[PDB]
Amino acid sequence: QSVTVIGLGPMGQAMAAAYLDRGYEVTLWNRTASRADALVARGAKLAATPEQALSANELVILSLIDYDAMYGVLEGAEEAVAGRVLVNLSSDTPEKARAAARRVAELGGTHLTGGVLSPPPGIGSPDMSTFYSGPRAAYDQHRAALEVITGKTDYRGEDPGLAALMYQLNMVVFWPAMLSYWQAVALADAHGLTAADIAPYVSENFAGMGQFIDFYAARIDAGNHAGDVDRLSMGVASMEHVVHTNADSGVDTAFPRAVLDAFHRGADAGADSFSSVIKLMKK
């Protein structure tokens, strides 16, 4: 059909190209015009202002830095928001997504919050996924168009903060997982091992994690933090060994001591399951 893309960083440039690849009439906008060059040469239309970019289509795809940058685009484009569906793909907090949705509805438009679980070359893949939250009717109406961004789309609820929350929940896991790999690479280095040497082991470790999360999910939800299969004190001692191995090799112990600190703190409550630390993390 036809669509608008505002924000042409690597994410938005990949979204526009996926829309052009699918035969969509594409209208664009970016603060730096020289980022739309390749897209314009392919047949995308560059708007001179955000107003013209907005009023060109009912579906408007936003891929800006954050929600704070979004208020700048809309700063004078007020009337073009009415009767339009604004899909905000800028990864920020659930609170900032709720404040963005509230302002858009006030302007007579609808806000869909998106959490894209894809790097830019994954944009348009049938295997990638995006979390969506906000008004169900707008999600349903434009679902086929959001499938252009990622083949899979996952509607979480009416709450604007929901897709943002899911996005953060993902990053809570990803960043430390990758950082634990940077820690593994650094230790294995002081021992003549390369990153590709430990890659199969680390991949296999992450691949088998789901068995543990399912086993633990059932016990947490029931309120069971036993000693049946594991004890926190042994976790503390295992982390002391990880800290010692890294310290012995001259490798930095900042990330492993941070993990040890959470286990040591907790034993001060308790030497039940290593899951018991959750009760110290919750509000």
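All residue numbers are counted from 1 along the displayed sequence.
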Gap size, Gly270 back to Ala269 (deposited sequence, no coordinates):
1 to 3
179-187 set against 86-94, stretch whose average Cα temperature factor tops the other in the entry:
86-94
Taking the recorded C-alpha temperature factors, which stretch has the higher mean, 46-54 or 241-249?
46-54
Most elevated Cα B-factor in the entry, residues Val60, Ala217, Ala41, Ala258:
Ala41
Among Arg103, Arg156, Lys152, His142, which carries the highest Cα B-factor?
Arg103
Ranked against its chain, the third holding the CA B-factor of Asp127:
middle
Is the Cα B-factor recorded for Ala195 in the lowest, middle or highest third of its chain?
lowest
Would you mind ranking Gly76 by its C-alpha B-factor against the rest of the chain and naming the third, lowest, middle or highest?
highest
The third of the chain into which the C-alpha temperature factor of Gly108 falls is the highest
Lowest, middle or highest third: where is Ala99 by Cα B-factor in its chain?
highest
